[PDB]
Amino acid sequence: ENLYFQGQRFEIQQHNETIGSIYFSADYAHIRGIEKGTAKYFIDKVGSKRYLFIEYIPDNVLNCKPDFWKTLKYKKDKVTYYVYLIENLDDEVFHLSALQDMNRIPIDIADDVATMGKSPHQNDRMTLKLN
């Protein structure tokens, strides 16, 4: 698979406020917010862009604005993933940007996420700052 974030720890920011830390291993995001949590994840590079596929993290763990979760969904096996465009500004500042959703069943081919552009509302985007 894709090891772009594997072994990396980021500070999580939303609306210029720190809301916790996230550490990515081979299979899970390890979240330290109000509480600890884990989320299955994977990264897919299609063309020039990279996309983060991540399970929902509840606000009892990571207290972020709920419309951050308004994005394209991917379903592999029984786990549903929330898909984000990873933007790398300078190898320090990263964004998790929500994508446009569809009026159809979740994508079953990871690469087919590229057929969708960014969400018109980007104000609830996550900022990851590399440690």
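The numbering used is simple: start at 1 and walk along the sequence shown.
* Asked: Mean C-alpha B factor from the entry: is it higher for 24-32 or for 65-73?
  -> So the stretch with the higher mean C-alpha B-factor is 65-73.
* Quick one: say whether 34-42 or 100-108 has the higher mean Cα B-factor in the deposited entry. => On average, C-alpha B-factors are higher across 100-108.
* Lowest, middle or highest third: where is residue 127 by C-alpha B factor in its chain? -> Its C-alpha B-factor belongs to the middle third of this chain's values.
* Going by the recorded CA B-factors, say which third of the chain residue 95 sits in, lowest, middle or highest. => It belongs to the lowest third of the chain when residues are ordered by C-alpha B-factor.
* For residue 49, return the chain-relative third of its C-alpha B-factor as stated in the PDB record: lowest, middle or highest. => For residue 49, whose C-alpha B-factor we compare with every modelled residue in the chain, the answer is the middle third.
* To do: Would you mind ranking residue 83 by its C-alpha B-factor against the rest of the chain and naming the third, lowest, middle or highest?
  => Tercile = middle for this residue's CA B-factor.
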